[PDB]
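To keep things clear, I will list the structure first and then write my remarks on it.
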Amino acid sequence: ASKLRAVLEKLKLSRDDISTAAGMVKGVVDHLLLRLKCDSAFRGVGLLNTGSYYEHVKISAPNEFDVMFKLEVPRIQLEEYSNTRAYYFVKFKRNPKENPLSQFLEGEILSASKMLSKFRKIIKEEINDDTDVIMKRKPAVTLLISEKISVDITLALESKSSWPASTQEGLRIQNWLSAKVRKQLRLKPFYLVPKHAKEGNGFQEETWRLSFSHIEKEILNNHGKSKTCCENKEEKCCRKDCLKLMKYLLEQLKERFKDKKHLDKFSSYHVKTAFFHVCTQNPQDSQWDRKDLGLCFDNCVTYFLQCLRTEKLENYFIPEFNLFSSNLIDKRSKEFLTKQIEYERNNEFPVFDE
Ligand SMILES: Cc1ccc(-c2cc(C(=O)O)c3c(c2)ncn3CCCNS(C)(=O)=O)c(Cl)c1
Ligand SMILES: [Zn+2]
């Protein structure tokens, strides 16, 4: 744990870079926020608060930022595509009056691809008009600011409805954060992003993915069984430090296997998800004591290793959606990273050496 305390101390040394870059991202996003609102389709648009350290700007990696644009979409009806559990067609209840988004209708359903293609069109126009920002390739739109800072921009529909039934069994925080907290969180809105399902070797370009990204800050910064966890000197846990270490381990591993880019498909979303599953299995604050940093880290890596070997990682909100399914990440990649992480844990993480 001496080695892990050192790693965490070094990471603090790059707060300024992160914080000034974030501010750079914050400017651009506010620019874009103005233009979208001129559009009859996007005037109910606004920034969704999804960050644990910065309000509108979540950090997905050392020079990678994630920002979400919510759009209030009333009277929304869902029909689940096949049995994906996470992907849905979007309809409306009736025609109360003909809504603004009607331009992206195809029959009764709302076209993920059409709405996305106008979102992307508006953002690129403003991108030309002083910081040097461009667009990148490929659920998201992507910017490159000053050639060093990457920003992912995700349009989300905001539904204030009851969560779909696939989430009935997710958010298994009861023995940890209590059943009351799960009830309060399940009363917040949920979000639908235009991530297209993978069918055949193409995509179904009218499906929307459910998104609970905004719940992370709600739990990350209110993370203990005790309501006052980490609010006083007598209640320090290492929950946040293990999450940082988990992310950093994957960042470092992806940087070294960059030659053949084997770890292309893994991201801190997987890491977060396995982390919170471990919080579910270890619900007591006494299980995350700060002097146990080493053993708590090994818990998290072990569980991550289990997911990789069994090729199974449940969406934290949708237990029947397998983030490590073969439809998403091929078998060679999962096999590969099992081997790398097996090694790292069996040899005391030499990837953290100096
Ligand atoms: C307790 C708790 C709370 C929130 C999350 C959470 C949820 C989502 C999500 O479901 O949106 C997250 C997320 C964290 N980081 C990113 N995303 C986006 C979805 C990835 N897919 S994507 C890029 O859109 O193709 C987790 Cl893991 C645990
Ligand atoms: Zn704590």
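Here the Cβ is made from the backbone with ideal geometry for all residues, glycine too, and neighbour counts use every protein chain on show. Just so you know, all these numbers are worked out from the coordinates, no wet-lab data involved.
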Quick one: check the C-alpha center-to-center distance for the range 294-349 versus the range 227-289, whole angstrom. 13 Å
Virtual paramagnetic centre 7 Å along Cα→Cβ of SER60, amide N under 11 Å, in the range 140-177: 140-143, 150-155
Percent of beta bridges antiparallel (DSSP, the range 25-168, rounded to nearest 5): 70 percent
Set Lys and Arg Cβ to +1 and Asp and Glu Cβ to -1, take the dipole of the range 109-202 about its Cα centre, and tell me which of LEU171, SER150, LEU116 lies farthest positive. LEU171
Looking at this model, which pairs from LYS240/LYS331; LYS10/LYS244; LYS93/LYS160; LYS160/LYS183; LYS183/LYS217; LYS91/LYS272 are more than 20 angstrom apart at the alpha-carbon? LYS240/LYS331; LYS91/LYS272
Over the Cα atoms of the range 34-117, what Rg and Dmax result, in angstrom? 15.5, 46
Amide H of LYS225 versus every other amide H placed in the peptide plane: which residues, excluding those fewer than 5 positions away on the same chain, fall under 5 Å? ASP285
Output the peptides 251-262, 314-325, 331-342 sorted from most to least packed, where packing is the average of other Cβ atoms within 10 Å over each peptide's residues. 314-325, 331-342, 251-262
Can you find, among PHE42, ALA6, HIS31, the residue farthest towards the positive end of the dipole of the range 1-44? Put +1 on the C-beta of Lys and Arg, -1 on that of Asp and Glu. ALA6
Rounded to the nearest 0.05, what FRET efficiency is calculated for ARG75 and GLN306 with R0 set to 51 Å and r the Cβ-Cβ distance? 0.75
When the expected Rg is taken as 2.2 N^0.38 Å, what fraction or multiple of it is the alpha-carbon Rg of the chain? 1.02
Output row, site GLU9, 7 Å Cα→C-beta label point, backbone N cut-off 19 Å, window the range 327-354, residues 349-354
